[PDB]
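We begin with a single chain expressed as structure tokens, specifically the form deposited in one PDB entry.
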């Protein structure tokens, strides 16, 4: 019943969070500057105490779907037009929301990015792009973004996905679903626990969703995982509280495993119907527990006039150390630079 933990900020709590984000913007260049990220875990504890208490309850809730912090200050006039592409979305006016997303995120763990997503940016942008209407990436609009575990293919996938809504004039819903092990039966659960599935990287990790100047070798890891997926489970951990890892568009049973293929089909139908809506208004930030829920986004008509929906996105890990083989050096936060 607390699977969605909703914190509505008081005026003072919103004001204090804004002032802390603005102090960070005054000190540091980028919301993912190395010097800022080294300090971020400590700066995050200058957020309001009552908010930190509720975030800490969310962090240790192993059945959390989403923490939702409502009512951060967003100055729509100062923010200016929604950029027409993520590459142009590192705007002066939006920096403060980047810094604030990292401060909230750093209460839950350490922020990471992907060498193969939005040019290795840690703070990324979710906005509609002309020509991506019908794609299965974050910049889509007309076609529903299919539910998925974020970076489901990767052993380094985030523990939390952070989404800070700057603008959402048409109240477009984020979609969310967890797995009730009781409502699929221990038969299917036992199959979903088996290493009997292939989970391929999604299209956001491909050269078609990154700058052309990026090195071909960044993508070798991704292409290997498309061509030759490892046999993996969808469920793991305790039977009473199993972790979920599946992507509606990029998951298959291994060849000739009709029982695995059947279990996958049951899961898709179970998650598809159970899929429920969370609307992030301007100033609302959600942390999805990526171990527990799949997420997507409802279809919407983008106006492409500078007024469109705009989220900042971040990946959070409970354990930065575990991915050191995949990072350039100790402090580097970009997965797949090694």
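By rigid core we mean the largest C-alpha set that fits within 1.5 Å across both forms. Residue numbers count along the first chain shown, from 1.
The stretch with the higher mean CA B factor, choosing between 154-162 and 236-244, is 236-244.
Looking at mean Cα B-factors across 298-306 and 60-68, the upper value is held by 298-306. Taking the PDB entry at face value, the top CA B factor among 187, 145, 126, 100 belongs to 187. Highest CA B-factor among the listed residues (107, 89, 111, 226): 226. The entry lists a Cα temperature factor for residue 280 that places it in the middle third of the chain's modelled residues. Residue 53: CA B factor lies in the middle third for its chain, per the PDB record. In the deposited entry, the Cα temperature factor of residue 45 places it in the middle third of its chain's modelled residues. Among all modelled residues in its chain, residue 319 ranks in the lowest third by Cα B-factor. Split the chain's modelled residues into thirds by C-alpha temperature factor. Residue 93 is in the middle one.
Quick note: we don't show the form deposited in another entry, though the next part is all about it.
Only 222, out of 166, 222, 161, 152, shows a C-alpha shift of 2 Å or more between this form and the one not shown on alignment of the rigid core.
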